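Below is one structure; the comments refer to it alone.
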Amino acid sequence: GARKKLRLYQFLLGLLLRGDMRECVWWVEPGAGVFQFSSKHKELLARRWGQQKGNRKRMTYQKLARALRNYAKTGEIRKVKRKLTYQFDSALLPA
DNA sequence: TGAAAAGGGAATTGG
DNA sequence: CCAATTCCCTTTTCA
Ligand SMILES: *O[C@H]1C[C@H](n2cnc3c(N)ncnc32)O[C@@H]1CO
Ligand SMILES: *O[C@H]1C[C@H](n2cc(C)c(=O)[nH]c2=O)O[C@@H]1CO
């Protein structure tokens, strides 16, 4: 009996779709899947991610961005050439 | 002028 | 052994 936990891209996509923590992350170009983190309030979302996963240490945005870097391999999220800006693969977005 | 932002290697670990 | 987590290292920017 192995318990399921959220993946980072799901956590973030759920935040965006529901308009939660809109002070910490927001759509920049929603039709294109492009979103961006708040420069001042991103660590609050980071801590919320750590709690969500029940990790032993406090989650910081450095460790969160470090995690996002690995998605370059599988392609669910890529970094965009804009400050604290990222992009979801379009197969995660409606038509 | 140092915090922030951007990369990175790799050992680790819950499940 | 995935899917991050954790820790540490770098360079570049600019507020
Ligand atoms: O101690 C040096 C460096 C520091 N300082 C702060 N902001 C600076 C900019 N924009 N250019 C150069 N030096 C900067 O103050 C002293 C120089 O005035
Ligand atoms: O492919 C490897 C790793 C895999 N493995 C090992 C262990 C200890 C575990 O808990 N899960 C798991 O999938 O088994 C193969 C042999 O070690």
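Just so it is clear, the values below take in all heavy atoms, side chains as well, and ignore hydrogens, waters and symmetry mates. Below, chain A is the first sequence line, B the second, and so on; all start at residue 1.
Remark: P of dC2(C) and OH of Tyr71(A) are 14 Å apart, rounded to the nearest angstrom. Summarising the geometry, the separation between CD on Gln36(A) and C1' on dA5(B) is reported as 12 Å, rounded to the nearest angstrom. Taking atom NZ of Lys63(A) as the reference point, atom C1' of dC8(C) lies 13 Å away to the nearest angstrom. When rounded to the nearest whole Å, the span between CG of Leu68(A) and P of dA6(B) equals 11 Å. Protein atom CZ of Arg58(A) is 15 Å distant from nucleotide atom P of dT5(C), rounded to whole Å. In this structure, the NZ atom of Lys83(A) is 10 Å from the P atom of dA4(B), given to the nearest Å. Distance, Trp49(A) CH2 to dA3(C) P: 12 Å, rounded to whole Å. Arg69(A) has its CZ atom 9 Å from the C1' atom of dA5(B), to the nearest Å.
A negative value of the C1'-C2'-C3'-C4' torsion places the sugar of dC7(C) in the southern pucker family. In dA6(B), the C1'-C2'-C3'-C4' torsion is positive, which places the sugar in the north family. Its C1'-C2'-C3'-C4' torsion being negative, the sugar of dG9(B) is assigned to the south family.
Closest of all the heavy-atom pairs between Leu8(A) and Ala67(A) is CD2-CB, 3.8 Å.
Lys73(A) comes within 4.0 angstrom of no nucleic acid atom, judged by non-hydrogen atoms across all strands. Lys57(A) comes within 4.0 angstrom of sugar-phosphate atoms only, judged by non-hydrogen atoms across all strands, and of no base. Residue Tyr61(A) is classed as having no contact, given no heavy-atom separation below 4.0 Å to the nucleic acid.
Comparing atom distances between the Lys79(A) side chain and each of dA6(B), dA3(C), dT6(C) picks out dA6(B) as nearest. Considering only the side chain of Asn55(A), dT6(C) comes nearest among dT6(C), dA5(B), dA4(C). In this structure, the nucleotide among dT6(C), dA6(B), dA5(B) sitting nearest to the side chain of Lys42(A) is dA5(B).
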Which nucleotides of nucleotides 9-15 of chain B have their base under 4.0 Å from a protein heavy atom (B), which only their sugar-phosphate (S), and which neither (-), written as one string 5' to 3'? BB---SS
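One distance of note links NZ of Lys81(A) with CD of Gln87(A); it measures 11.5 Å at 0.5 Å rounding. A distance of 5.0 Å separates OH of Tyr86(A) from CG of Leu68(A), quoted to the nearest 0.5 Å. Atom NZ in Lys53(A) sits 8.5 Å away from atom CG in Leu6(A) (nearest 0.5 Å).
Axis angle, first five pairs versus last five pairs of the helix from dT1(B)-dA15(C) to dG15(B)-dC1(C): 40°, rounded to 10°.
Position along DNA chain C of the nearest nucleotide to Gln62(A) versus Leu6(A) favours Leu6(A) as the more 5'-ward residue.
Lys42(A) places no side-chain N or O within donor-acceptor distance of the main-chain N or O of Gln36(A), the cut-off being under 3.5 Å.
For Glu23(A), the CD atom sits in a packed shell: over 12 heavy atoms of surrounding residues, nucleotides or ligands are nearer than 6.0 Å.
Salt bridge annotation for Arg7(A)-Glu76(A): present, with a cationic side-chain nitrogen under 4.0 angstrom from a carboxylate oxygen.
Under the 4.5 Å side-chain heavy-atom criterion for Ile, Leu, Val, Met, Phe, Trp and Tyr, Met21(A) and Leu16(A) are members of the same hydrophobic cluster.
Contact annotation: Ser39(A) side-chain N/O to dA4(B) OP1/OP2 distance is not under 4.0 Å.
Here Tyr61(A) pairs with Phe37(A) under the ring pair (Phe, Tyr, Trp, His ring centres under 6.0 Å) rule; sequence neighbours left out.
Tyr9(A) and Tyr71(A) have their aromatic ring centers within a separation under 6.0 angstrom.
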